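The data below hold one chain only, encoded as structure tokens and taken in the form deposited in one PDB entry.
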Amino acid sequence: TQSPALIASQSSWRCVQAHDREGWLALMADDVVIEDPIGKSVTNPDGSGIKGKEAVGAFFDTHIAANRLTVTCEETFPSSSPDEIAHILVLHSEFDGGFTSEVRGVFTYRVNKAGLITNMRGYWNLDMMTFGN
């Protein structure tokens, strides 16, 4: 059977693809910190991550839903802990009325013993993005 980390990460993309804000939030621990990406960027404006379920809900609204984000898993790297995993993901989204951008990055996930996501951290930056339209 699949690890709690693999379940949580695969579920998180499934909820993105299903446009399911409630289902996505239900995967998150109360003390979740989302660093997508790690360091200061449009989607991490203060550089220290988006903290707690309310603010992460606003993050879903603006940076997953309103931008038509799609998430594709290219490759998966289990660790030796059932609660931590990494993936190469390709992110595609839309901006400024339908222009497109894409980025390929490493994303790490940690879950607690209950299986809820405590950390999602992305290794990318705006300079890595490629564009379309």
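We number the residues from 1 along the sequence you see. Whichever C-alpha set is largest while still superposing within 1.5 Å between the two forms counts as the rigid core. Shifts are known only where both forms have a C-alpha.
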Checklist entry - Once you work out the mean C-alpha B-factor for both 86-94 and 45-53 from the entry, which is higher? => result 45-53
Checklist entry - Do the C-alpha atoms of 2-10 or of 123-131 have the higher average B factor in the entry? => result 2-10
Checklist entry - When the CA B-factors of 62, 81, 108, 76 are compared as recorded in the entry, which is the largest? => result 62
Checklist outcome for this item: Quick tally, chain-level thirds of C-alpha B-factors: residue 38 sits in the lowest
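Unshown form deposited in another entry; subsequent notes refer to it.
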Checklist entry - Core fitted between the shown form and the other one: which of 106, 66, 38, 26 shows a C-alpha shift of 2 angstroms or more? => result 66
Checklist entry - Does residue 83 move its CA by 2 angstroms or more between the shown form and the other one when the core is aligned? => result no
Next on the checklist: Please state whether residue 54 has a C-alpha shift of 2 Å or more between the shown form and the other one, with the rigid core used for the fit.
Outcome noted: no
Checklist outcome for this item: Shown form as baseline, in that other deposited form, CA residue 96-residue 20 shift of 3 Å or more puts them closer
Checklist outcome for this item: Counting only common residues, the segments between the shown form and the other one where three or more consecutive C-alphas all move by 2 Å or more on the rigid core are 61-67, 94-97
